Every structure is written in structure tokens, then in C-alpha cells.
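The next block holds one structure in the form of C-alpha cells; read it before the comments.
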Amino acid sequence: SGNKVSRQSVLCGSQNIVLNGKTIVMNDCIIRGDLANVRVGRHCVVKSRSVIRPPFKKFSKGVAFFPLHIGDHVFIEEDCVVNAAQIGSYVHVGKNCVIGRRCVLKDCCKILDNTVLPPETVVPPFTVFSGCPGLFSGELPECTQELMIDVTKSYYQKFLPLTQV
Amino acid sequence: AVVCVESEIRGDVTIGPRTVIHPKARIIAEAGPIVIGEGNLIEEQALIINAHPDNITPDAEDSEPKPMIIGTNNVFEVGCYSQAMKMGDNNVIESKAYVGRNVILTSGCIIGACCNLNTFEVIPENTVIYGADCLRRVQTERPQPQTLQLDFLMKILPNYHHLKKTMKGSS
Amino acid sequence: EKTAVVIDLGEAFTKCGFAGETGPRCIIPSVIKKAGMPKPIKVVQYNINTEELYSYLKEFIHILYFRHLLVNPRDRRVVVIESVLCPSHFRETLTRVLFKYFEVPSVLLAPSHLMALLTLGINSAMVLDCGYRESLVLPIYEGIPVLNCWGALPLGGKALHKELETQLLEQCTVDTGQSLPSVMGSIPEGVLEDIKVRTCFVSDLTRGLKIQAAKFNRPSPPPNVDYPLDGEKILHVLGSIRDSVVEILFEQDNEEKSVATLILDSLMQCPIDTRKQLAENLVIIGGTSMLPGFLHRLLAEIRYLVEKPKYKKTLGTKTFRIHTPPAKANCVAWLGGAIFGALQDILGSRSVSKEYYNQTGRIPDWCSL
Ligand SMILES: Nc1ncnc2c1ncn2[C@@H]1O[C@H](COP(=O)(O)OP(=O)(O)O)[C@@H](O)[C@H]1O
């Protein structure tokens, strides 16, 4: 849809990836969509050179690590690591970050750059997280969250066709 | 072992059994013969190295003639490299671990996220490092080399076993 | 009714909790982690712009009640655990933040030793506070804190940290990445403090004599464990090092300046009654005092210093029975503030009313009017 397919789009079994409207399909990343699911949504903005892959598909007898969980209109940065997380919608992600073990972020929850979290992490709605361990930077403003969502979709659709062959 | 076609190997690497290398498993074992273990899972985006060449230039009597090795249940995750890690029994390497040169990884080794391994440091058993706190010898007995961290490693290995059969069937 | 805001303070920390709160809800230092600024800017600043401090006060007090309280204190009073020697103008800047900015009901200023007296439930007392950067002895004459007799000297852990950095200049076997004597420039004293928390053990008085031998004409460096810092920085420190930093607390050669000197002389200005009183009416507060093997070695040296020539005659034979804190000596002061704010709602009259500061804009301290 809105995500203009990049010229160098490559991934390893990316069967779970949505054609998000008003987005920007970035290259240099990876996606293990054939393994499990991922909650993709329209109006988002994902950067390049990312590290995306589903954690598991609840590989234990009960319920192990789920696929993923994410939202729409989120502001995703670059070089982040996604593993055992549960993100929300219109969230401003951090650059070169890493998803904590059993992480859970609600909608518009801001993320710090190069930040991670410990085992069994959680985050509230429009709550800024931080630290190498599970830490909270603060809270994100809802007005700034919707503004970042709209500006992210705008800049995504703007720079989406940049040599996206 | 799952010798994946996408698993890019290089050089003479006499691997071992159950060394399921996942897709895009870029490696190098030419200047040092890296033998794989029994019960690991070489995930995507890895980087196995062998004999750091003359770019760094070891001007200290380069007469190495030493090959790398591996161990049982030592599954290394994505992002993390492998700069000739002399591993052992159940030494898992999580995401983005900057593997160091001379780190004799013993048992119960939980290589945390973004933990640059210490060169010329004897990695003893039963020690899990912290993420932001580098060289944290926390959990000296909780992360025990046998029955605690190795038991947790064998427990995580079950999903790796189901994934091993699934990847062998999906291919 | 309402639980008054009991807030501990000091050179190093700033703790808080409800009225009658039994437990360290949190521990905040006496600094402010300024946004944008890589280091947490302190608040214990003197001869400085009280306006930027006013900003620190507004923001810090705001988030401070959000830390220890998570609720607006405009309903209940605020127990302000002060201590003397702080700039009263700065104290009024705090007051204007309270009343003129947050419009709190009423507050009251009380020293630490007063709350210590509240904890022991006694009246006379000879108590010393082991402050961060200083020393603070305060005698009480049956509920009356003695003015002319006191203790206040720059004799705290901060100077000991300076001594620690001196040892870091001397004793430094930081491995490569293997000595590296203070090659790295600055030192994080907070990290050094927690290093002391996990390492600074305290020796014996005879070992204090061993340290005296180490000064002129070496004994028992163990127990001693090295210190590994992240980034290939491992170095060893002897036990004699940290014990030397503890033992140097009594250098009285040609100056006669120490802790016991201050205590003894403070008692020297006391009268006959107060002498035997403070001998039995004796307690010690302060967090710095809480060291392993220091209070008894300390006490032994105190009893030894009773044998000093001008003290056997004058003071001499006096039982120095000491009260003990029911909890951590540092927190015991905050606990005394909790004691006061817990069951004393009647004493709101003594608490500084907001109204007076509204119609006044000031508060006359212990001066005229
Ligand atoms: N358990 C302890 N052992 C040694 N020193 C301590 C302990 N607890 C606190 N301290 C130190 O003693 C001092 C007393 O704390 P605080 O009330 O913050 O002092 P001040 O009033 O001078 O700031 C602080 O410097 C603190 O670092």
C-alpha cells in the first residue's frame, strides 16, 4: 500500500508483514514472518537496517514466547532489536535499542534510543521507557504522540519513494 | 545437523551433530578449523570468526596453528558474533553479544545483550553478566554451570529441538 | 486525620515519607539530576544564585512529592527535618516555594538531634551526628538543646573521599584496558561510596596503633579484596588503606583537633549537672557512624581519651552509657520526624503558618522580633 517497496528489500521468511498504508517500506532489515506473526498497522514509519524477527509461537506446553505485538502509526527508528515484546500503536521507538524479555508496551509508549529491558518487562500507555534494564524515562504527551504519528506517516510517504525500486 | 543452504560457512569446519545452523548464518572457519558442538542452534545474522588476520597485525610471533572449538547446548543467538569463542557445555550467547577473542567460555555462560566479551579473560563457570553492568559476576550460584543455568539452557533447547525438526521439515 | 510530610535532609541525602512512616520509602540524595546536564547537579551550594535554586526547588520538590508521596501535600502539613548552619535565606527560599509556590498548609523546621531525642523518648542527651561532609555534636539539657556547648566541624566522609582519591593516586593497580596509577582523571564518589559500603570494614584500636606504626616505623593488611571496575580496570586495595582513612579521624598533633576533642570540650563547658547527665545521656547519630567495627573501636578510643591529662581530673570517672538507635542511625532522624508528625497535630501552632508568611513575606529566625 503506502509503504513504497524499497529497491534492496530482503528478509528471511517474512510471510507476516502487512502492506501498511501511508508507510515507507525500508530496506537493509530482516523479517522472520514465516516463523510467527507480527502486529503491523498502517500509517507507521519504519527505518532501515533494523533487526526484526518473531520471538516464538508459544513453543512450550502452555504458552511460551508469543509471536510479537505492535501497533499502527508508530514512529520506529533504526537498528533496534525486537525479541519477546508487546508494543502498542503510535509509539515513538528508539534507535539501536533492544526489546526486553517478555516486554509489553501499550499505545503511544515512547522508547529511548539504545535502551533495553530486563526479563518480564512492561510499559503503560504513552509512557516513556529507558535504561539498559527495565526502566521508565517518563511519559509521552498524547498530543505529541498523535503529532509524531502524523508526521511519521507524512515523512514516510515523502521519503518512501526515494529510489525504492 | 541442519546444514542450511543459506548458512554461509567458510573453510574447513568439521562440525558436530545437532548443530542446526539457521538461515543467513554467515561464518568463517578457514584460518582456524572451528569444530561445532552437540546440541546448539546457530541462528541468523551470526558471525563465526577464525584467526584474526594481519589487519590488526599480531606482531607477537604469529605461529598460531590452533583451531577453534564448540560445546554442547551452547546456542548463540542473532546479532552476536563469534570471535573464536572456546565454549563448553551450555554457553548461550544472546542478542548482539560482541564476542571477544580469548574468552574461554565455560559452562553456565549467559552472554547478555551488548556485553562485549573480555579479551584474554578466562571465562569461569556459573557466571551470568549484567547488561549495562559489564563484567557483572552476579548470580554466582543461580546461574550455576550445571543443574541451574545449564538446566535452563536445556529447557530453552526444547524449543530449539522443536524448531530443529520444524526447520528440517520447512527448509 | 492527615499524615504530615516527614522529609529527611542533609549534605548527602534527602529522604521522606508519611507521618509515622516506619520504613525507607525511598532515598534521594541532596542533588538534582538536571535534564540535559550529564551529572546530577547538587543542591548543597553556597554563595550561589538562589533563583536557579528556586527553579531546582520547584521542579525537584514537585517530582519529590511524586516520588515519596505520589500525591499533593496541600492537605497535610510538612515536617521539614532541618539542621542548623544552613543559610536561613536559602531556607526562606524553600519556604517561598512551599507557601508562595505550592501553597502547602504549614511547615516547621526542626534539627536532627531533636528528632533523635524524640526517638529515644528521653530529655537530656549528648548526641553527635556523623554528617556527610561534616561532624555535628549537639548536647541537650533535659529537652533543652544546649547552645554554647555543641559540635560542628568539617569532619565528614567528604574529606575522607578526598583522602580516598589520594589513595587512588597512591594505590592503583588498575589493569591494562597493569598498574595505571590514576591515569583516568575523575572518580565517581557515589560509586566510591557504594564501594565503601561493600568494602570499608573498620579495624581495632590496637590496629589503630598499628596504623600509627604505619605512619612511622605495615601490620595486617588483610582482610582485603581487590576492586574490578568494568572496562578491564581491576585494582587491589589493602584493608590497612581504608582503615588508615578511618584512623586519621583523630590527628591531634600540635593542633589537638579531633572528634573526641570536640565532644570532651563541649562537655567541658557544661556545668556539674550536665556533666554526669551527658555522661549517661549519651547517644550518637549520623549515617557515617554506621561502620563495621568503628563504633566500638571508636568508643574504646573515647574511653581512652578520657585518660587525657586534662580529662581525668575534670571529667574522668563518668559512666558513658550510650543509647542505641532502634533502626539505621541515619534513618532514625527521619524516624524521629515521623514520630513528631505522627501524633502531634496539636503542635500546628508551633508550625510556621502560611498566613504569617503571606502577611509577612519573611520569618524572623532566632534573632530579635
Ligand atoms: N550505613 C552507612 N554506613 C556508612 N555511612 C553511611 C551509612 N548510611 C549513610 N551513611 C553516610 O552518612 C551520612 C549521613 O547521611 P545524611 O543524613 O544524608 O548526612 P548529611 O546530613 O550530612 O547529608 C551520609 O554521608 C551517608 O552517605
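Each value in this text was obtained by applying a stated rule to the coordinates, not by laboratory testing. All Cβ positions, even for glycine, are placed from backbone atoms using ideal geometry, and neighbour counts span all protein chains on display.
Worth a mention:
- Here the sum of -39500 (n - 2.57) over DSSP H runs of 4 or more residues, divided by the residues of chain B, equals -4500 deg cm²/dmol at 222 nm, to the nearest 500.
- Counting DSSP beta bridges with both ends in the protein assembly as shown, the antiparallel % (nearest 5): 45
- Bridging of A:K95 to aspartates and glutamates at a Cα separation below 14 Å is possible for A:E77, A:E78, A:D79, A:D113, once same-chain residues fewer than 8 apart are set aside.
- Using distinct alpha-carbon pairs, which all enter the 1/r mean, Kirkwood radius of region C:75-119 in Å: 11.3
- Rounded to whole Hz, the Karplus (6.51, -1.76, 1.60) HN-Hα couplings of region A:56-61, x for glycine and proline: 6, 10, 6, 4, 9, 5
- In chain C, helices alone account for a calculated mean residue ellipticity at 222 nm of -11000 deg cm²/dmol, with every DSSP H run of four or more residues adding -39,500 (n - 2.57).
- The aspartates and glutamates whose alpha-carbon is closer than 19 Å to the alpha-carbon of C:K318, local same-chain residues fewer than 8 away aside, are C:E142, C:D265, C:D273, C:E280, C:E301, C:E307.
- Percent breakdown of C-alpha pair distances by 10 Å bin, ordered from the shortest bin, for the protein assembly as shown: 3, 12, 17, 18, 18, 14, 10, 6, 2, 0
- Theoretical FRET efficiency, 1/(1+(r/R0)^6), r = Cβ-Cβ of B:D12 and A:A64, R0 56 Å, to 0.05: 0.90
- Of all segments of chain B bounded by GluC sites (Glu not before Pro) found in a DSSP loop with no more than 16 other C-beta atoms within 10 Å, the longest spans B:62-140.
- Point-charge dipole on Cβ atoms (K/R +1, D/E -1) for region B:2-160, about Cα centre, debye to 20: 420
- The orientation-averaged projection of the convex hull spanning the C-alpha atoms of region A:1-158 amounts to 8.1 square nanometres.
- Dipole of the protein assembly as shown, positive direction: furthest Cα of C:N217, C:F250, C:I346, with charges on the beta-carbon: C:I346
- Of all DSSP bridge pairs formed entirely within chain A, close to 40 percent run antiparallel.
- Working value for chain C: equivalent-ellipsoid semi-axes of 37, 29, 17 Å, each the square root of 5 times a Cα gyration tensor eigenvalue, largest first.
- Averaging Cα coordinates gives a centre for region B:52-131 and one for region C:69-146; these two points are 56 Å apart.
- Too-long pairs where the Cα-Cα distance tops 23 Å, listed order kept, from A:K61/B:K96; B:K24/B:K165; C:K196/C:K257; C:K257/C:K310: A:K61/B:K96; C:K196/C:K257
- Eligible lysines near A:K158 by straight Cα distance, threshold 19 Å, same-chain separation 8 or greater: A:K4, A:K22, A:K47
- Expressed as a whole percent, the proportion of Cα-Cα pairs in chain B lying more than 21 Å apart is 43%.
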